[PDB]
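Peer 1: Structure file entry.cif (mmCIF, C-alpha atoms and all ligand atoms) is given on the next line.
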```
data_data
#
loop_
_atom_site.group_PDB
_atom_site.id
_atom_site.type_symbol
_atom_site.label_atom_id
_atom_site.label_comp_id
_atom_site.auth_asym_id
_atom_site.auth_seq_id
_atom_site.Cartn_x
_atom_site.Cartn_y
_atom_site.Cartn_z
ATOM 1 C CA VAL A 1 -4.217 -1.575 16.710
ATOM 2 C CA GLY A 2 -4.930 -4.574 14.420
ATOM 3 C CA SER A 3 -2.980 -5.987 11.479
ATOM 4 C CA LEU A 4 -0.013 -4.377 9.561
ATOM 5 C CA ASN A 5 -0.117 -4.999 5.879
ATOM 6 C CA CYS A 6 1.509 -3.653 2.678
ATOM 7 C CA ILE A 7 -0.328 -3.481 -0.703
ATOM 8 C CA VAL A 8 1.616 -2.969 -4.013
ATOM 9 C CA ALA A 9 1.083 -3.492 -7.736
ATOM 10 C CA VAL A 10 4.326 -4.460 -9.447
ATOM 11 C CA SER A 11 5.361 -5.252 -13.029
ATOM 12 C CA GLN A 12 7.553 -8.231 -13.956
ATOM 13 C CA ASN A 13 10.732 -6.114 -13.745
ATOM 14 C CA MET A 14 9.640 -5.103 -10.148
ATOM 15 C CA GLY A 15 8.527 -1.584 -11.230
ATOM 16 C CA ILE A 16 6.046 0.462 -9.197
ATOM 17 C CA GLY A 17 6.204 3.899 -10.658
ATOM 18 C CA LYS A 18 7.469 6.136 -13.444
ATOM 19 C CA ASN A 19 7.658 10.051 -13.314
ATOM 20 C CA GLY A 20 5.240 10.302 -10.514
ATOM 21 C CA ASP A 21 2.718 7.783 -11.791
ATOM 22 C CA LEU A 22 2.082 4.096 -12.413
ATOM 23 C CA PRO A 23 4.096 2.561 -15.239
ATOM 24 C CA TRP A 24 0.979 1.074 -16.946
ATOM 25 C CA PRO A 25 -2.253 2.510 -18.252
ATOM 26 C CA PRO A 26 -4.901 2.684 -15.542
ATOM 27 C CA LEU A 27 -6.510 -0.578 -14.448
ATOM 28 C CA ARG A 28 -9.912 0.180 -13.068
ATOM 29 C CA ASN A 29 -10.548 -3.124 -11.275
ATOM 30 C CA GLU A 30 -7.012 -3.146 -9.953
ATOM 31 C CA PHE A 31 -7.997 0.225 -8.312
ATOM 32 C CA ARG A 32 -11.232 -1.175 -7.126
ATOM 33 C CA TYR A 33 -9.420 -4.037 -5.386
ATOM 34 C CA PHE A 34 -6.910 -1.504 -3.771
ATOM 35 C CA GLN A 35 -9.878 0.481 -2.405
ATOM 36 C CA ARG A 36 -11.937 -2.573 -1.180
ATOM 37 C CA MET A 37 -8.857 -4.063 0.646
ATOM 38 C CA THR A 38 -7.747 -0.750 2.309
ATOM 39 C CA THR A 39 -11.215 0.530 3.166
ATOM 40 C CA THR A 40 -12.877 -2.598 4.660
ATOM 41 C CA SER A 41 -12.547 -2.800 8.394
ATOM 42 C CA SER A 42 -12.870 -6.129 10.223
ATOM 43 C CA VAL A 43 -14.624 -4.654 13.373
ATOM 44 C CA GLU A 44 -17.642 -2.206 13.582
ATOM 45 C CA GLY A 45 -17.100 1.424 14.373
ATOM 46 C CA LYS A 46 -13.439 1.135 13.233
ATOM 47 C CA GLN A 47 -11.496 2.464 10.250
ATOM 48 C CA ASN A 48 -8.313 1.478 8.490
ATOM 49 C CA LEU A 49 -5.260 3.770 8.618
ATOM 50 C CA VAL A 50 -3.236 4.139 5.319
ATOM 51 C CA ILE A 51 0.380 5.250 5.619
ATOM 52 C CA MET A 52 2.207 6.637 2.545
ATOM 53 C CA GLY A 53 5.323 8.704 1.697
ATOM 54 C CA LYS A 54 5.067 12.233 0.343
ATOM 55 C CA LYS A 55 5.339 11.311 -3.429
ATOM 56 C CA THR A 56 2.760 8.583 -3.038
ATOM 57 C CA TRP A 57 0.353 11.125 -1.712
ATOM 58 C CA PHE A 58 0.958 13.603 -4.554
ATOM 59 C CA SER A 59 0.663 10.757 -7.137
ATOM 60 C CA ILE A 60 -3.091 10.407 -6.254
ATOM 61 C CA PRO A 61 -5.382 12.593 -8.287
ATOM 62 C CA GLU A 62 -6.238 15.647 -6.174
ATOM 63 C CA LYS A 63 -9.927 14.792 -6.416
ATOM 64 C CA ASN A 64 -9.587 11.455 -4.631
ATOM 65 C CA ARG A 65 -7.449 12.996 -1.869
ATOM 66 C CA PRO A 66 -7.723 12.218 1.033
ATOM 67 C CA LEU A 67 -8.625 8.425 0.241
ATOM 68 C CA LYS A 68 -12.189 8.314 1.599
ATOM 69 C CA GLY A 69 -13.251 6.238 4.527
ATOM 70 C CA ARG A 70 -9.653 5.807 5.529
ATOM 71 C CA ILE A 71 -7.364 7.716 8.025
ATOM 72 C CA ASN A 72 -4.659 9.189 5.767
ATOM 73 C CA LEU A 73 -1.170 9.558 7.152
ATOM 74 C CA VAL A 74 1.730 11.066 5.208
ATOM 75 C CA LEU A 75 5.333 10.203 6.041
ATOM 76 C CA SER A 76 7.713 13.112 5.787
ATOM 77 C CA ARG A 77 10.737 14.792 7.351
ATOM 78 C CA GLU A 78 10.732 17.959 5.300
ATOM 79 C CA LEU A 79 7.047 18.951 5.630
ATOM 80 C CA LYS A 80 5.961 20.977 8.722
ATOM 81 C CA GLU A 81 2.309 20.156 8.532
ATOM 82 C CA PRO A 82 0.268 17.431 6.733
ATOM 83 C CA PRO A 83 -0.385 18.479 3.092
ATOM 84 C CA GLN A 84 -3.921 19.827 2.287
ATOM 85 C CA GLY A 85 -6.436 16.871 2.611
ATOM 86 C CA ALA A 86 -4.142 14.710 4.823
ATOM 87 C CA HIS A 87 -5.059 13.890 8.349
ATOM 88 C CA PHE A 88 -1.637 13.081 9.911
ATOM 89 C CA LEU A 89 2.028 13.621 9.278
ATOM 90 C CA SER A 90 4.903 11.636 10.916
ATOM 91 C CA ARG A 91 8.599 11.730 10.425
ATOM 92 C CA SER A 92 9.127 8.019 10.512
ATOM 93 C CA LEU A 93 7.189 4.698 10.424
ATOM 94 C CA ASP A 94 7.719 4.014 14.176
ATOM 95 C CA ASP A 95 6.240 7.419 15.033
ATOM 96 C CA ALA A 96 3.351 6.469 12.800
ATOM 97 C CA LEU A 97 2.676 3.162 14.605
ATOM 98 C CA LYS A 98 3.603 4.789 17.935
ATOM 99 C CA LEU A 99 0.522 7.156 17.257
ATOM 100 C CA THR A 100 -1.853 4.247 16.826
ATOM 101 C CA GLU A 101 -1.434 3.439 20.529
ATOM 102 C CA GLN A 102 -2.288 7.039 21.560
ATOM 103 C CA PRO A 103 -5.821 7.169 22.969
ATOM 104 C CA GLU A 104 -6.345 9.579 20.061
ATOM 105 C CA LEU A 105 -6.524 6.720 17.479
ATOM 106 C CA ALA A 106 -6.178 3.584 19.685
ATOM 107 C CA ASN A 107 -9.968 2.904 19.762
ATOM 108 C CA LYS A 108 -10.449 3.990 16.169
ATOM 109 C CA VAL A 109 -8.241 2.017 13.705
ATOM 110 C CA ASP A 110 -8.690 -1.653 12.822
ATOM 111 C CA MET A 111 -5.970 -2.462 10.209
ATOM 112 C CA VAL A 112 -2.971 -0.563 9.124
ATOM 113 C CA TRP A 113 -2.161 -0.400 5.409
ATOM 114 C CA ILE A 114 1.238 0.790 3.960
ATOM 115 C CA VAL A 115 0.657 1.928 0.393
ATOM 116 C CA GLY A 116 4.038 3.167 -0.828
ATOM 117 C CA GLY A 117 6.773 4.164 -1.734
ATOM 118 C CA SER A 118 9.756 1.871 -1.908
ATOM 119 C CA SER A 119 11.461 3.237 1.212
ATOM 120 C CA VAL A 120 8.364 2.843 3.280
ATOM 121 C CA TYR A 121 7.926 -0.723 1.930
ATOM 122 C CA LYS A 122 11.573 -1.611 2.522
ATOM 123 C CA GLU A 123 11.177 -0.531 6.128
ATOM 124 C CA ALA A 124 7.771 -2.020 6.937
ATOM 125 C CA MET A 125 9.310 -5.129 5.441
ATOM 126 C CA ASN A 126 12.269 -5.645 7.780
ATOM 127 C CA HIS A 127 10.218 -4.323 10.708
ATOM 128 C CA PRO A 128 9.635 -7.096 13.252
ATOM 129 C CA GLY A 129 6.438 -8.858 13.677
ATOM 130 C CA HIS A 130 3.541 -10.252 11.835
ATOM 131 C CA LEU A 131 3.225 -8.847 8.370
ATOM 132 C CA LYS A 132 1.227 -9.568 5.246
ATOM 133 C CA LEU A 133 2.170 -8.310 1.720
ATOM 134 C CA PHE A 134 -0.793 -8.101 -0.776
ATOM 135 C CA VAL A 135 1.043 -8.197 -4.138
ATOM 136 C CA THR A 136 -0.773 -7.705 -7.497
ATOM 137 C CA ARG A 137 1.614 -9.128 -10.153
ATOM 138 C CA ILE A 138 1.216 -7.144 -13.454
ATOM 139 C CA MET A 139 2.555 -9.919 -15.781
ATOM 140 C CA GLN A 140 4.678 -7.794 -18.199
ATOM 141 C CA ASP A 141 7.579 -5.338 -18.312
ATOM 142 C CA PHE A 142 7.073 -1.614 -17.997
ATOM 143 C CA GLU A 143 9.792 1.089 -17.963
ATOM 144 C CA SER A 144 10.003 2.193 -14.315
ATOM 145 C CA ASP A 145 12.071 4.637 -12.274
ATOM 146 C CA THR A 146 10.983 3.248 -8.928
ATOM 147 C CA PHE A 147 10.912 -0.448 -7.817
ATOM 148 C CA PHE A 148 9.593 -2.696 -5.018
ATOM 149 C CA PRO A 149 12.364 -4.313 -2.869
ATOM 150 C CA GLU A 150 13.108 -7.980 -3.095
ATOM 151 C CA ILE A 151 10.801 -10.438 -1.243
ATOM 152 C CA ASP A 152 12.872 -12.857 0.789
ATOM 153 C CA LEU A 153 11.155 -16.328 0.314
ATOM 154 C CA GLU A 154 13.092 -17.592 3.330
ATOM 155 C CA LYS A 155 10.897 -15.233 5.400
ATOM 156 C CA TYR A 156 7.719 -14.670 3.400
ATOM 157 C CA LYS A 157 5.446 -17.613 2.461
ATOM 158 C CA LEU A 158 3.172 -17.220 -0.574
ATOM 159 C CA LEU A 159 -0.318 -18.280 0.665
ATOM 160 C CA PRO A 160 -2.259 -20.899 -1.384
ATOM 161 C CA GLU A 161 -5.396 -18.810 -1.139
ATOM 162 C CA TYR A 162 -6.886 -16.016 0.903
ATOM 163 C CA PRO A 163 -10.576 -15.196 1.505
ATOM 164 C CA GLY A 164 -11.895 -12.262 -0.649
ATOM 165 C CA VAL A 165 -8.910 -12.402 -3.158
ATOM 166 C CA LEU A 166 -9.416 -13.961 -6.567
ATOM 167 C CA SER A 167 -6.862 -16.707 -7.293
ATOM 168 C CA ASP A 168 -7.173 -16.638 -11.066
ATOM 169 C CA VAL A 169 -5.460 -14.524 -13.762
ATOM 170 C CA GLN A 170 -7.184 -11.223 -14.409
ATOM 171 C CA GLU A 171 -7.013 -9.298 -17.634
ATOM 172 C CA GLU A 172 -7.659 -5.691 -18.545
ATOM 173 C CA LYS A 173 -6.752 -3.356 -21.409
ATOM 174 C CA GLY A 174 -5.049 -6.464 -22.504
ATOM 175 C CA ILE A 175 -2.683 -6.716 -19.491
ATOM 176 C CA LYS A 176 -2.851 -9.909 -17.387
ATOM 177 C CA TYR A 177 -2.120 -9.643 -13.707
ATOM 178 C CA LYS A 178 -2.795 -11.890 -10.731
ATOM 179 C CA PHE A 179 -3.257 -11.149 -6.973
ATOM 180 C CA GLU A 180 -0.937 -12.789 -4.321
ATOM 181 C CA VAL A 181 -0.771 -12.688 -0.497
ATOM 182 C CA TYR A 182 2.425 -13.561 1.413
ATOM 183 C CA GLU A 183 2.806 -13.776 5.149
ATOM 184 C CA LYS A 184 5.625 -13.410 7.676
ATOM 185 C CA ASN A 185 5.983 -13.803 11.483
ATOM 186 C CA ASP A 186 9.469 -13.357 12.982
HETATM 187 N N1 LIG B 201 2.122 0.625 -8.140
HETATM 188 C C1 LIG B 201 2.081 0.733 -6.854
HETATM 189 O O1 LIG B 201 1.718 -0.109 -6.097
HETATM 190 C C2 LIG B 201 2.602 2.011 -6.240
HETATM 191 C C3 LIG B 201 3.029 2.939 -7.155
HETATM 192 N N2 LIG B 201 3.538 4.124 -6.620
HETATM 193 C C4 LIG B 201 4.159 5.158 -7.606
HETATM 194 O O2 LIG B 201 5.603 5.065 -7.092
HETATM 195 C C5 LIG B 201 6.058 6.439 -6.867
HETATM 196 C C6 LIG B 201 6.172 6.961 -5.427
HETATM 197 O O3 LIG B 201 7.425 6.491 -5.093
HETATM 198 P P1 LIG B 201 8.669 6.647 -3.978
HETATM 199 O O4 LIG B 201 9.491 7.448 -4.825
HETATM 200 O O5 LIG B 201 9.156 5.361 -3.806
HETATM 201 O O6 LIG B 201 7.996 7.541 -2.885
HETATM 202 P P2 LIG B 201 7.483 7.808 -1.441
HETATM 203 O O7 LIG B 201 6.110 7.955 -1.688
HETATM 204 O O8 LIG B 201 7.886 6.681 -0.577
HETATM 205 O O9 LIG B 201 8.259 9.215 -1.142
HETATM 206 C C7 LIG B 201 9.565 9.366 -0.485
HETATM 207 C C8 LIG B 201 9.243 10.573 0.477
HETATM 208 O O10 LIG B 201 8.581 10.161 1.456
HETATM 209 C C9 LIG B 201 9.034 10.330 2.787
HETATM 210 N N3 LIG B 201 9.390 9.120 3.471
HETATM 211 C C10 LIG B 201 9.456 7.919 2.833
HETATM 212 N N4 LIG B 201 9.814 6.948 3.604
HETATM 213 C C11 LIG B 201 9.903 7.580 4.874
HETATM 214 C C12 LIG B 201 10.281 7.138 6.331
HETATM 215 N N5 LIG B 201 10.514 5.818 6.515
HETATM 216 N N6 LIG B 201 10.342 7.984 7.238
HETATM 217 C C13 LIG B 201 10.045 9.238 6.911
HETATM 218 N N7 LIG B 201 9.780 9.775 5.742
HETATM 219 C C14 LIG B 201 9.684 8.849 4.723
HETATM 220 C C15 LIG B 201 10.244 11.318 2.487
HETATM 221 O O11 LIG B 201 9.684 12.566 2.313
HETATM 222 P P3 LIG B 201 10.786 13.897 2.619
HETATM 223 O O12 LIG B 201 11.619 13.883 1.452
HETATM 224 O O13 LIG B 201 9.673 14.907 2.577
HETATM 225 O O14 LIG B 201 11.306 13.568 3.949
HETATM 226 C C16 LIG B 201 10.718 10.733 1.169
HETATM 227 O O15 LIG B 201 11.296 11.782 0.224
HETATM 228 C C17 LIG B 201 5.049 7.294 -7.775
HETATM 229 O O16 LIG B 201 5.705 7.026 -9.041
HETATM 230 C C18 LIG B 201 3.736 6.589 -7.496
HETATM 231 O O17 LIG B 201 2.754 6.914 -8.468
HETATM 232 C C19 LIG B 201 3.588 4.419 -5.266
HETATM 233 C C20 LIG B 201 3.198 3.528 -4.355
HETATM 234 C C21 LIG B 201 2.565 2.224 -4.727
HETATM 235 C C1 LIG B 202 -0.259 5.291 -6.678
HETATM 236 N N1 LIG B 202 -1.303 4.801 -5.736
HETATM 237 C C2 LIG B 202 -0.814 3.503 -5.290
HETATM 238 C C3 LIG B 202 -1.490 2.310 -5.952
HETATM 239 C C4 LIG B 202 -2.098 2.290 -7.152
HETATM 240 O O1 LIG B 202 -2.506 1.182 -7.360
HETATM 241 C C5 LIG B 202 -2.265 0.420 -6.450
HETATM 242 N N2 LIG B 202 -2.572 -0.915 -6.503
HETATM 243 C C6 LIG B 202 -2.151 -1.586 -5.449
HETATM 244 N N3 LIG B 202 -2.481 -2.907 -5.437
HETATM 245 N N4 LIG B 202 -1.412 -1.045 -4.570
HETATM 246 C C7 LIG B 202 -1.119 0.190 -4.477
HETATM 247 N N5 LIG B 202 -0.406 0.449 -3.375
HETATM 248 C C8 LIG B 202 -1.585 0.976 -5.431
HETATM 249 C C9 LIG B 202 -2.644 5.151 -5.752
HETATM 250 C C10 LIG B 202 -3.133 6.033 -6.603
HETATM 251 C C11 LIG B 202 -4.399 6.463 -6.651
HETATM 252 C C12 LIG B 202 -5.354 5.914 -5.844
HETATM 253 C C13 LIG B 202 -6.699 6.186 -5.855
HETATM 254 O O2 LIG B 202 -7.246 7.083 -6.440
HETATM 255 N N6 LIG B 202 -7.547 5.464 -5.086
HETATM 256 C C14 LIG B 202 -8.996 5.604 -4.989
HETATM 257 C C15 LIG B 202 -9.487 4.661 -6.160
HETATM 258 C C16 LIG B 202 -10.998 4.665 -6.380
HETATM 259 C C17 LIG B 202 -11.186 4.174 -7.807
HETATM 260 O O3 LIG B 202 -10.194 3.980 -8.489
HETATM 261 O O4 LIG B 202 -12.324 4.132 -8.209
HETATM 262 C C18 LIG B 202 -9.443 5.022 -3.697
HETATM 263 O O5 LIG B 202 -10.496 5.210 -3.031
HETATM 264 O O6 LIG B 202 -8.603 4.274 -3.223
HETATM 265 C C19 LIG B 202 -4.869 4.999 -4.962
HETATM 266 C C20 LIG B 202 -3.555 4.608 -4.914
#
```
Please lay out the structure from this file as structure tokens.
Ligand SMILES: NC(=O)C1=CN([C@@H]2O[C@H](COP(=O)(O)OP(=O)(O)OC[C@H]3O[C@@H](n4cnc5c(N)ncnc54)[C@H](OP(=O)(O)O)[C@@H]3O)[C@@H](O)[C@H]2O)C=CC1
Ligand SMILES: CN(Cc1coc2nc(N)nc(N)c12)c1ccc(C(=O)N[C@@H](CCC(=O)O)C(=O)O)cc1

Peer 2:
Amino acid sequence: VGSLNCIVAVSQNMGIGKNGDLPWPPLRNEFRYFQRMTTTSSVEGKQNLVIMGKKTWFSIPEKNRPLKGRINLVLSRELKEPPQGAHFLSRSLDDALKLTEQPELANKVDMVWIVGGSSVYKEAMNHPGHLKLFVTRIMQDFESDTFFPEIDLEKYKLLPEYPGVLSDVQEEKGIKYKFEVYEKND
């Protein structure tokens, strides 16, 4: 209905995951920021939809599943029904966005958030239209097995600031990271 956005936390070597989990120790305010951005709707009586791939879903502790206050959609071609806790299942990202325009959800969803994995990001990314990427830069290297695709600076502009997103360097468990927002329209 509203805006299509991606949200990712990536290490300096572009890593987003390792053996089913994050490559760094848990960062509690990085998690807090993920939840405040995905859960806040810009219009009353609306909710945000969060789209993820099957291993992203299973990477979330079972006790926080489904993500609360959000419409949880799982992307999968192998699954027959949404996994336990999930609200929706689609076989592709267009089917997922085609569903948004179904009276079902059409008067219900403000913003649409893509939360992972790389294949989903790679795809939302080349998709046409207005897109924003919310990138948390974890400023160090971490052994990964899964990476974020390359941001094309000829298409995405790094914004100088964005309301509700801290512009300075954060630090936790001794890891420094900073929050960035990029925008596209093509
Ligand atoms: N740090 C961060 O910001 C993030 C970290 N992570 C971490 O990264 C990893 C998850 O990674 P990734 O491996 O990339 O996993 P995904 O979560 O993207 O899983 C891939 C599965 O999802 C389904 N799928 C994905 N894209 C599509 C599509 N376009 N159409 C239909 N089905 C699709 C397929 O399921 P099937 O095989 O069933 O068809 C595919 O096997 C974990 O390590 C997780 O903890 C994850 C996201 C964000
Ligand atoms: C592997 N993922 C992806 C993920 C982790 O961190 C991120 N950070 C950003 N910026 N982007 C992402 N896409 C993620 C996730 C794992 C677990 C939860 C999770 O438990 N979320 C609770 C967190 C609540 C809390 O931590 O207190 C929630 O309500 O969102 C979310 C995402």

Peer 1: Expand the PyMOL selection byres (((not hetatm)) within 9 of (chain B and resi 201)) into the individual residues it matches in the shown file, reporting them as an MDAnalysis selection string.

Peer 2: chainID A and resid 7:11 15:24 52:60 74:79 90:95 114:124 135:136 144:148

Peer 1: Can you list, as a count of residues only, the residues that the PyMOL selection byres (((chain A and resi 171) around 10) and not hetatm) selects here?

Peer 2: 15

Peer 1: Can you measure atom CA of residue 51 of chain A to atom CA of residue 165 of chain A for me? One decimal in Å is fine.

Peer 2: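 Atom-to-atom, atom CA of residue 51 of chain A to atom CA of residue 165 of chain A, that is 21.8 Å.
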
Peer 1: Rounded to one decimal in Å, what is the spacing between atom CA of residue 153 of chain A and atom CA of residue 38 of chain A?

Peer 2: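 These atoms are spaced 24.6 Å apart.
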
Peer 1: Could you check the closest approach to residue 108 of chain A for each of A:12, A:157, A:152, A:70 and tell me which residue wins, using all atoms listed in the file?

Peer 2: A:70

Peer 1: Smallest atom-to-atom distance to ligand LIG 202 (chain B): which of A:62, A:141, A:44, A:186, using all atoms listed in the file?

Peer 2: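 Of A:62, A:141, A:44, A:186, the one nearest ligand LIG 202 (chain B) is A:62, counting all atoms listed in the file.
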
Peer 1: Taking all listed atoms of ligand LIG 202 (chain B), build the axis-aligned box, pad each of the six sides by 8 Å, then write its centre and edge lengths in Å to one decimal as JSON.

Peer 2:
```
{"center_x": -6.3, "center_y": 2.1, "center_z": -5.8, "size_x": 28.1, "size_y": 26.0, "size_z": 21.5}
```

Peer 1: Please evaluate the PyMOL selection byres (((chain A and resi 82-88) around 8) and not hetatm) against the structure above and give the resulting residues as a ChimeraX atom specification.

Peer 2: /A:65-66,71-74,79-81,89-90

Peer 1: Kindly save the residues from that selection, with C-alpha atoms included, as a PDB file, in the frame of the given file.

Peer 2:
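Written output follows (out08.pdb):
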```
ATOM      1  CA  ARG A  65      -7.449  12.996  -1.869  1.00  0.00           C
ATOM      2  CA  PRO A  66      -7.723  12.218   1.033  1.00  0.00           C
ATOM      3  CA  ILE A  71      -7.364   7.716   8.025  1.00  0.00           C
ATOM      4  CA  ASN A  72      -4.659   9.189   5.767  1.00  0.00           C
ATOM      5  CA  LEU A  73      -1.170   9.558   7.152  1.00  0.00           C
ATOM      6  CA  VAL A  74       1.730  11.066   5.208  1.00  0.00           C
ATOM      7  CA  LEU A  79       7.047  18.951   5.630  1.00  0.00           C
ATOM      8  CA  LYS A  80       5.961  20.977   8.722  1.00  0.00           C
ATOM      9  CA  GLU A  81       2.309  20.156   8.532  1.00  0.00           C
ATOM     10  CA  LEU A  89       2.028  13.621   9.278  1.00  0.00           C
ATOM     11  CA  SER A  90       4.903  11.636  10.916  1.00  0.00           C
TER      12      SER A  90
END
```

Peer 1: What is the distance, in Å and to one decimal place, between atom CA of residue 35 of chain A and atom CA of residue 107 of chain A?

Peer 2: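 Distance reported for this atom pair: 22.3 Å.
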
Peer 1: For residue 103 of chain A, which of A:151, A:42, A:1, A:50 is the closest residue, counting only C-alpha atoms?

Peer 2: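 Ranked by minimum distance to residue 103 of chain A, first place goes to A:1.
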
Peer 1: Pick the closest to ligand LIG 202 (chain B) from A:112, A:179, A:41, A:128: which is it, counting only C-alpha atoms and all ligand atoms?

Peer 2: A:179

Peer 1: Point out the residue among A:64, A:48, A:140, A:5 with the least atom-to-atom distance to ligand LIG 202 (chain B), counting all atoms listed in the file.

Peer 2: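 Counting all atoms listed in the file, the residue closest to ligand LIG 202 (chain B) is A:64.
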
Peer 1: Ranking A:134, A:166, A:47, A:125 by minimum distance to ligand LIG 202 (chain B) and counting only C-alpha atoms and all ligand atoms, which one comes first?

Peer 2: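 Of A:134, A:166, A:47, A:125, the one nearest ligand LIG 202 (chain B) is A:134, counting only C-alpha atoms and all ligand atoms.
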
Peer 1: Just the residues within 10 Å of residue 155 of chain A, please, counting all atoms listed in the file, with nothing from its chain fewer than 6 positions along; format it as a ChimeraX atom specification.

Peer 2: /A:126,182-186

Peer 1: Write a file of the just-selected residues containing C-alpha atoms, as an mmCIF file, keeping the file's coordinate frame.

Peer 2:
```cif
data_model
loop_
_atom_site.group_PDB
_atom_site.id
_atom_site.type_symbol
_atom_site.label_atom_id
_atom_site.label_comp_id
_atom_site.auth_asym_id
_atom_site.auth_seq_id
_atom_site.Cartn_x
_atom_site.Cartn_y
_atom_site.Cartn_z
ATOM 1 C CA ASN A 126 12.269 -5.645 7.780
ATOM 2 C CA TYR A 182 2.425 -13.561 1.413
ATOM 3 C CA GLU A 183 2.806 -13.776 5.149
ATOM 4 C CA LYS A 184 5.625 -13.410 7.676
ATOM 5 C CA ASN A 185 5.983 -13.803 11.483
ATOM 6 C CA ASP A 186 9.469 -13.357 12.982
#
```

Peer 1: Would you mind putting back N, CA and C atoms on segment 123-139 of chain A, then writing it out as a PDB file, in the frame of the given file?

Peer 2:
```pdb
ATOM      1  N   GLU A 123      11.234  -0.735   4.716  1.00  0.00           N
ATOM      2  CA  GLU A 123      11.177  -0.531   6.128  1.00  0.00           C
ATOM      3  C   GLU A 123      10.081  -1.293   6.830  1.00  0.00           C
ATOM      4  N   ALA A 124       8.850  -1.193   6.325  1.00  0.00           N
ATOM      5  CA  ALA A 124       7.771  -2.020   6.937  1.00  0.00           C
ATOM      6  C   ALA A 124       8.276  -3.486   6.823  1.00  0.00           C
ATOM      7  N   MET A 125       8.856  -3.782   5.654  1.00  0.00           N
ATOM      8  CA  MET A 125       9.310  -5.129   5.441  1.00  0.00           C
ATOM      9  C   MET A 125      10.301  -5.771   6.370  1.00  0.00           C
ATOM     10  N   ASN A 126      11.223  -5.073   6.944  1.00  0.00           N
ATOM     11  CA  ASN A 126      12.269  -5.645   7.780  1.00  0.00           C
ATOM     12  C   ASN A 126      11.843  -5.421   9.218  1.00  0.00           C
ATOM     13  N   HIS A 127      10.803  -4.633   9.385  1.00  0.00           N
ATOM     14  CA  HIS A 127      10.218  -4.323  10.708  1.00  0.00           C
ATOM     15  C   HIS A 127       9.900  -5.712  11.261  1.00  0.00           C
ATOM     16  N   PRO A 128       9.874  -5.805  12.585  1.00  0.00           N
ATOM     17  CA  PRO A 128       9.635  -7.096  13.252  1.00  0.00           C
ATOM     18  C   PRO A 128       8.189  -7.315  13.613  1.00  0.00           C
ATOM     19  N   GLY A 129       7.859  -8.591  13.311  1.00  0.00           N
ATOM     20  CA  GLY A 129       6.438  -8.858  13.677  1.00  0.00           C
ATOM     21  C   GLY A 129       5.757  -9.549  12.506  1.00  0.00           C
ATOM     22  N   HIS A 130       4.506  -9.599  12.755  1.00  0.00           N
ATOM     23  CA  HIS A 130       3.541 -10.252  11.835  1.00  0.00           C
ATOM     24  C   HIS A 130       3.228  -9.224  10.744  1.00  0.00           C
ATOM     25  N   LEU A 131       3.542  -9.699   9.504  1.00  0.00           N
ATOM     26  CA  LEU A 131       3.225  -8.847   8.370  1.00  0.00           C
ATOM     27  C   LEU A 131       2.664  -9.576   7.213  1.00  0.00           C
ATOM     28  N   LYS A 132       1.750  -9.010   6.479  1.00  0.00           N
ATOM     29  CA  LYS A 132       1.227  -9.568   5.246  1.00  0.00           C
ATOM     30  C   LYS A 132       1.541  -8.625   4.074  1.00  0.00           C
ATOM     31  N   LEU A 133       1.942  -9.171   2.899  1.00  0.00           N
ATOM     32  CA  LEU A 133       2.170  -8.310   1.720  1.00  0.00           C
ATOM     33  C   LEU A 133       1.050  -8.657   0.707  1.00  0.00           C
ATOM     34  N   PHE A 134       0.281  -7.804   0.175  1.00  0.00           N
ATOM     35  CA  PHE A 134      -0.793  -8.101  -0.776  1.00  0.00           C
ATOM     36  C   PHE A 134      -0.101  -7.663  -2.055  1.00  0.00           C
ATOM     37  N   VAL A 135       0.297  -8.584  -2.932  1.00  0.00           N
ATOM     38  CA  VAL A 135       1.043  -8.197  -4.138  1.00  0.00           C
ATOM     39  C   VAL A 135       0.208  -8.465  -5.405  1.00  0.00           C
ATOM     40  N   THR A 136      -0.034  -7.470  -6.278  1.00  0.00           N
ATOM     41  CA  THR A 136      -0.773  -7.705  -7.497  1.00  0.00           C
ATOM     42  C   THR A 136       0.367  -7.898  -8.480  1.00  0.00           C
ATOM     43  N   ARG A 137       0.551  -8.989  -9.161  1.00  0.00           N
ATOM     44  CA  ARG A 137       1.614  -9.128 -10.153  1.00  0.00           C
ATOM     45  C   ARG A 137       1.144  -8.701 -11.505  1.00  0.00           C
ATOM     46  N   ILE A 138       1.626  -7.678 -12.150  1.00  0.00           N
ATOM     47  CA  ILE A 138       1.216  -7.144 -13.454  1.00  0.00           C
ATOM     48  C   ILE A 138       2.142  -8.062 -14.308  1.00  0.00           C
ATOM     49  N   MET A 139       1.586  -8.965 -15.121  1.00  0.00           N
ATOM     50  CA  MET A 139       2.555  -9.919 -15.781  1.00  0.00           C
ATOM     51  C   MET A 139       3.306  -9.430 -16.979  1.00  0.00           C
TER      52      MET A 139
END
```
